[PDB]
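In the form deposited in one PDB entry, a lone chain appears below as structure tokens.
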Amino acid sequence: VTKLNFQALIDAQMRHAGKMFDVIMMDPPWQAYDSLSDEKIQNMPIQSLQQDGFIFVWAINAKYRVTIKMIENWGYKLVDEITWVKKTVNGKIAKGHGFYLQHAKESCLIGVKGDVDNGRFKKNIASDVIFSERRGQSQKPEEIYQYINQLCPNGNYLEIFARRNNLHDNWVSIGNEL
């Protein structure tokens, strides 16, 4: 999304709410699958988009360390990780496309920036682990947004790189093929 301008997003958002986004989740296209070079995703002003909030970034096991660098690069400090284990019709079964391990799981990093002490950001009632089975391709389980909602019950949310697979209440998304 080098072509895209986030300036349009900032001017509308601040005037419209006076508040920058509380939470931000992304599923970056990694170089097909959106054909994105690692740098380009890595260099967008996500710092600009939200001032005092968490971020959520889904990292593939192959690409896990990289994104840690990435969120930490944007002025975040790593705090928590949410791991989802795929449930087939019964049990914990998952795809075997793991070179040394079968990968039956996905991990979503949580990054923290700014002051989150104040009242809206309620604490310590969350699932580190989600059990829901893989949904129609390609999608994240419904418990996440229900989880995020507990964290920031009445706040602005921003999703990035969202095919309008799950357009959501109070959620704003910028995507390629939406």
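The term rigid core refers to the most C-alpha atoms you can superpose between the two forms while keeping them within 1.5 Å. For every residue, the number given is its place in the sequence shown, counted from 1. Residues that one form lacks are left out of the comparison.
Beyond what is shown, the protein has a form deposited in another entry; the following relates to that form.
Could you check whether the CA atom of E133 moves 2 Å or more between the shown form and the other one, using the rigid core for the fit?
Yes, its C-alpha moves 2 Å or more.
For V79, is the CA shift between the shown form and the other one at least 2 Å following rigid-core superposition?
Comparing forms between the shown form and the other one, the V79 CA shifts below 2 Å.
Using a rigid core alignment, state whether the CA of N156 is displaced by 2 Å or more between the shown form and the other one.
Where the cores coincide, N156 shows only a C-alpha shift between the shown form and the other one that is less than 2 Å.
Is the CA-CA spacing of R164 and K140 tighter or wider in the other form than here, given a 3 Å or more change?
It is closer: in the other form, the C-alpha atoms of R164 and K140 lie at least 3 Å nearer than they do here.
Explain in one word, closer or farther, how the Cα atoms of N90 and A62 are placed in the other form relative to this form, where the distance changes by 3 Å or more.
Their C-alpha distance shrinks by at least 3 Å in the other form.
Core superposition done; which regions of 3+ residues show CA shifts of at least 2 Å throughout between the shown form and the other one?
These are the shifted runs between the shown form and the other one: 1-5, 87-103, 131-138, 162-178.
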